[PDB]
Amino acid sequence: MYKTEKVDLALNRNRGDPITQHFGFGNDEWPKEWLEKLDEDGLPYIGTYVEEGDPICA
DNA sequence: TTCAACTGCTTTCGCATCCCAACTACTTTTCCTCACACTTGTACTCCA
C-alpha cells in the first residue's frame, strides 16, 4: 500500500507575510539522531524505515 | 365547547478594498580627459 503526504510550509503563511521557515538544519542549535533518518537538506533518505514518532523532515 | 400553531422525539461503533509582479525608461552616482580665452616679448619692416 502506498501513501503520499504533502509536507507544506506555506500552509500557515499569508501571501504578504515573508518567508519564515526553511527546510534544512540550523547550525549551533542541535539535536542529534535526526541524522539517522534525514539528510543534509532536511529531507529523508528514500528507502528508509520509519515508525510513528520518527522525524519525516526538518 | 372546538381550531390552529408552536414541538420534542427515529441509531448503535466506526467510517468520512488590499497587495504583489513586468519591462522599458530615465536617471542619478561620480570620476576621469582636455580645451578656450587672455597676455609680453620678438620679428618684419615702418618713417624719420
# chains A, B, ... in the order shown; residues from 1 in each chain; ligands from 1
call {"tool": "interface_residues", "arguments": {"of": "chain B", "to": "chain A", "cutoff": "12 Å", "atoms": "only C-alpha atoms (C1' of nucleotides)", "output": "count of residues only"}}
result
3
call {"tool": "residues_around", "arguments": {"residues": "residue 57 (chain A)", "least_positions_apart": "2", "cutoff": "8 Å", "atoms": "only C-alpha atoms (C1' of nucleotides)", "output": "mmCIF file with C-alpha atoms, in the first residue's frame"}}
result
data_model
loop_
_atom_site.group_PDB
_atom_site.id
_atom_site.type_symbol
_atom_site.label_atom_id
_atom_site.label_comp_id
_atom_site.auth_asym_id
_atom_site.auth_seq_id
_atom_site.Cartn_x
_atom_site.Cartn_y
_atom_site.Cartn_z
ATOM 1 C CA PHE A 23 13.994 23.157 5.017
ATOM 2 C CA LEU A 38 17.229 12.609 7.476
ATOM 3 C CA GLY A 42 16.359 18.140 5.822
ATOM 4 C CA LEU A 43 14.606 15.580 3.666
ATOM 5 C CA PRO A 44 14.584 11.841 4.373
ATOM 6 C CA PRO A 55 11.203 12.546 12.016
#
call {"tool": "atom_distance", "arguments": {"atom1": "CA of residue 54 (chain A)", "atom2": "CA of residue 8 (chain A)"}}
result
17.8 Å
